[PDB]
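Okay, structure first, notes after.
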């Protein structure tokens, strides 16, 4: 896609003031506070009116908030299941590993509205283990096409491939 | 007859109950995310509290051998007592001591009289210890929280027989869920070196998760089962009910209360006398959203009052009357002034509420049951 | 017995507490957004003030071997100190050394002796170092603020061989929250080049944030726990409480004050003596809305007075622990023009309030307990 | 002992401090909107003023190599020295160096020696340059203000050697805020053509903004830790205090002064000596509404006197005395608070009060210190 790449580049073009504006609004909707709505509209609407396959409003809002609180540099080949597999194959397999596995597996039963907080938990686990990179574009596409079966199959397959190295 | 206590309680930014990762406990109610406080946390906080100190007559410990060594302690009773209780049936699975016993602590010294003889033996001493442990349940806190004691059949010597060690709990406590969508927040602490050093990337950017929410809490007590569990001590049962209400009102979990100080008293307490338990958590199925014309707590009380009116018109039969008292401090939060008259004794004192509750319960008095105290050690 | 201090303090535009991004710390309370100062910042500001200099008896340090070297006067043991520190098994990963030690400075001298006895075994020296660190709990700041010491079990030789290091803190400090809805703002600054280069017109307009608020601060002190922490030394406990009350009303966080100088003073202090901790932060659950007649601080103190009256008349008990003194500078802000007197002594001076506090504590004088240093 | 200066000023419509778009800087204080002048703007206005021109001995230069070749000649040494500056921790950023350096004005000449040390270049030149940058702080403004100068990373990984370049502070300045609700305005400007025949009919109007307010400024000079930064020079410290008083009393920011011309002078200065800093900005938490009988400045001085007296009889200690003056031109605005006189010595002239502060400081006069 190209709307996603432009959206991510625009998000990384922000400075500390607008990042703080987005950071103050975690856990909130889009139609609540005017400064957040204005910032997100001015960042997203030209891309939507240009590219027909730009990310939807809810997905783009969720990625904007996650980037605000969990600022990671954009890199290719650093998807969420790969990093979760790399982290998960370092703990004992009796107590901690089933807990982290259950936390990762909760995401399959949630829709796109109720997914900011588990993703925040996963990214907090990533940040606790000295991670400084993430693939925002691939995560945005996966969240955009989520209720399908092949996307979840590829998600779990990438997790298994990272876990069984 | 069941005594139902509903509470609306607003809290400061706090981290009262956590999980393994440090985040506050959460749940999904009505499709959205809410903050949660577990039932075991509330029950433990009530059990170990200043207003429940005179009725704490039970201990839940994994080191009964050390307790009896502290109790009797002549020369060597620790090793022999540990061996006796290990042959009783308390299995050492995976080298864990395990099998948390929950007997009343007033009988512990009597157990000393079983472990202070060098001619008794092993299996007979274990049988006597098991017999004195099984029929030791007279305690106000044990009668509320219940107890299950089922030792595994591997370390049992097949000569000691275990009697009934199961007591039905007379207290039901629900998890406390918020009345709005949870908004978790992250605090980025950094430790500072008192002695000056090198300020070149000191690091230690931490993560402390916390949240502030308006909780709905719901407790229920069965009067008949409590009296039966105490073995016919209606005085001690009335003292237990009154001191339980007094403790559950003015107490909080002790989780991270040195960094935060959310020592916030409840803004509304409803007490109802029914014949079937009823939870009013379905009031806050739609999350309460704040406006500029009111606050969070008043809207929560209003929604609760609307739902209480709905469950008081529907599901109502004269064959079982319902009597309730509403308490807010100096009547600062009336019970949803759109229909009013939902309760019958809108008052503004906690001790007057306890007194009125006791008089409805048995015509007791709060100054009379305080001398029916349990083991006060 | 518990001494509770409730403050109302209006601050000029400043940035007293920031996160890793640079924004002022905020929170949600009652569904709206408020400004917030962390309790760690308040505790550190009180502990490292100028009204608390005689009672600063403890050090929280990470380079403890350097301090032992400075107090020892011999270089070589310092090297062995790190070895002993390695033999102490605090931490050797993640944040390099880490595992801050909070202990009294006088026993630092004792530490030097344990590293100056090279005739003793290194394992025995490490054991005695761990022991004397475990006993190092004679300081008024450590008594108030508690102590953490849980080293790493991944660097040990003679199993653990530790002692009891946990100290129950006698002081609880809440996070300060604003009494109104916060209005975070951005300050756009451009650095100016004094040499004429005739360039850099769009010279990287920065973005620094700040805010102003009327905070509510809450402190609680346990008298019996403090006395038990100080080995029953009531002379040091009364002095500690008095100097804490003096330092809490005259010290502000030092974060960004050379450009946002906000050295303000509290407008109203309530000091109560009661056996159970209460918090009046539920007064400002509905945010203070400014009207054209009054100001922010008067409305905040009126709401605080209303809620304190409601709590006092709502949770009345037979102990009657309502003995509380209200302070306002020269009686500028009385505790609400709605009710009767609810404070036993409407005091208009600070040192008179401190003297009354000590007189209620034990009848001691403020000039009588100031002679016990740390 | 701490020296504190509180000023009250009134300004004609000025737009003194500007945002990045063009609007005046505002803030919120007490729940209402106020006009605000930033601390760094005030500090830079005082720093490059006329009365402070004697003690100016530092540069905030972003292009230090230009100053290096601007004195020793031989401009080709730019491509001898600039890369050397890129090795000391300046990262070779988008400009000559995006890390602004604060450094005394004389030591640039010493850097000229590094220019002529072609035999001892590369790492030795960079280390010597770092030594000069770290040991160039004895200046009356760098001692007055701070200097962080944390070098950018991705420097040389071999011998990047740096001392403690951080110099703490001697002066704190708060953001000047109005004592009333601000009322910003738009000046609708148009650009009139000179020759008839424009043939353009549309909306060519423009928007330029301004506001007028009465500001409360608050400075604070630490008498110790300023002499400590000046290495015991008590006379230079006294001269710095006196000239800072002069410049802060008689300098305004040079922002859009060619079109608004608001060179207004303060109508009241309150100087105090105390062991702990107090800010009287909480006097104007309530906005100063204007009555018909008085004006804005008189009401502002009255509320300031009210708060000063309430602080004086409030947080009052016996070991620490407080002595304060009170300046007003020809006693036009006394420190109005009923029959109560607050300051110990009313003063009606500026240089007289400067001499009074200087001779309180320990016997300094405005003649030999300059």
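Chains as they are written, first to last, in the deposited numbering: chain K, 2 to 166; chain G, 1 to 377; chain F, 1 to 374; chain E, 1 to 370. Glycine included, C-beta positions come from ideal geometry on N, C-alpha and C.
For my contact list, residue 172 (chain F) and residue 257 (chain G) are in at a C-beta cut-off of 8 angstroms; report their separation, rounded to the angstrom. 6 angstroms
Would residue 249 (chain F) pass as a contact of residue 269 (chain F) if the rule is Cβ separation under 8 angstroms? yes
For a minimum of 4 consecutive residues, which ranges assigned as the alpha helix (DSSP H) are wholly contained in the stretch 227 to 253 of chain F? 234 to 248
Using a Cβ distance threshold of 8 angstroms, determine whether the stretch 101 to 115 of chain G contacts the stretch 131 to 146 of chain G, with at least three qualifying pairs required. yes
What beta strand (DSSP E) runs, 3 residues minimum, are completely inside the stretch 299 to 372 of chain G? 323 to 327
With distances taken from CA atoms, which of E:211, E:334 and E:291 is nearest residue 345 (chain E)? E:334
Count the other CB atoms, across all protein chains shown, that sit within 10 Å of the CB of residue 124 (chain F); report buried if there are 16 or more and exposed otherwise. exposed
Using three-state DSSP, classify residue 26 (chain F) as helix, strand or coil. strand
Chain F partners of residue 29 (chain E), CB-CB under 7 angstroms? 12, 13 and 212
Say whether chain F places a C-beta atom closer than 8 angstroms to the C-beta of residue 24 (chain K). yes
Can you grab the Cα-Cα spacing for the pair residue 157 (chain K) / residue 95 (chain F), in whole Å? 34 angstroms
Skipping 5 residues on each side, what residues in its chain have a beta carbon closer than 6 angstroms to that of residue 59 (chain F)? 105
With 8 angstroms as the limit, tell me which residues of the stretch 16 to 47 of chain G have their beta carbon closer than that to any beta carbon of chain K; keep them in chain order. 20, 21, 23, 26, 28, 31, 32 and 33
Look at the Cβ atom of residue 181 (chain F), then the Cβ atom of residue 285 (chain F), and state whether they are nearer than 8 angstroms. no
Thinking C-beta only, is residue 176 (chain F) closer than 8 angstroms to residue 46 (chain F)? no
Does the separation of the CB atoms of residue 357 (chain G) and residue 245 (chain G) fall below 8 angstroms? yes
Simplified DSSP state of residue 64 (chain G), which is helix, strand or coil: helix
If the cut is a Cβ gap below 7 angstroms, which residues of chain F does residue 17 (chain K) touch? 21, 22 and 207
Is the beta carbon of residue 66 (chain K) less than 8 angstroms from the beta carbon of residue 26 (chain K)? yes
Taking Cβ positions only, does residue 266 (chain F) come closer than 8 angstroms to chain K? no
Quick check: residue 230 (chain F) and residue 143 (chain F), are their CB atoms within less than 8 angstroms of each other? yes
From the DSSP output, read off the bridge partner residues of residue 274 (chain F). F:2
In the DSSP assignment, what residue or residues form a beta bridge with residue 214 (chain G)? G:10
Which two residues bound the contiguous alpha helix (DSSP H) that contains residue 47 (chain E)? 39 to 47
Unbroken alpha helix (DSSP H) run spanning residue 1 (chain K), endpoints: Since the first and last residues shown for chain K are 2 and 166, residue 1 (chain K) lies out of range.
CB of residue 281 (chain G) within 8 angstroms of CB of residue 218 (chain G), strictly: yes
Report the option in E:312, E:233 and E:12 whose CA atom is closest to the CA atom of residue 260 (chain E). E:12
Count the other CB atoms within 10 Å of the CB of residue 24 (chain G); is the residue buried (16 or more) or exposed (fewer)? buried
At what residues does the alpha helix (DSSP H) containing residue 121 (chain K) begin and finish? 117 to 129
Is any beta-carbon of chain F found at less than 8 angstroms from that of residue 188 (chain G)? yes
Alpha carbon to alpha carbon, what distance is there between residue 107 (chain E) and residue 350 (chain E)? 35 angstroms
Quick one: list the residues of chain G neighbouring residue 122 (chain K), beta-carbon separation under 8 angstroms, in chain order. 21 and 23
Can a CB atom of chain F be found closer than 8 angstroms to the CB of residue 37 (chain K)? no
Report the neighbours of residue 317 (chain E) on chain F: residues whose CB is nearer than 7 angstroms to its CB, in chain order. 351
C-alpha gap between residue 28 (chain K) and residue 224 (chain G), whole angstroms: 46 angstroms
Can you tell which of E:188, E:362, E:74 and E:18 has the C-alpha that lies nearest to the C-alpha of residue 254 (chain E)? E:18
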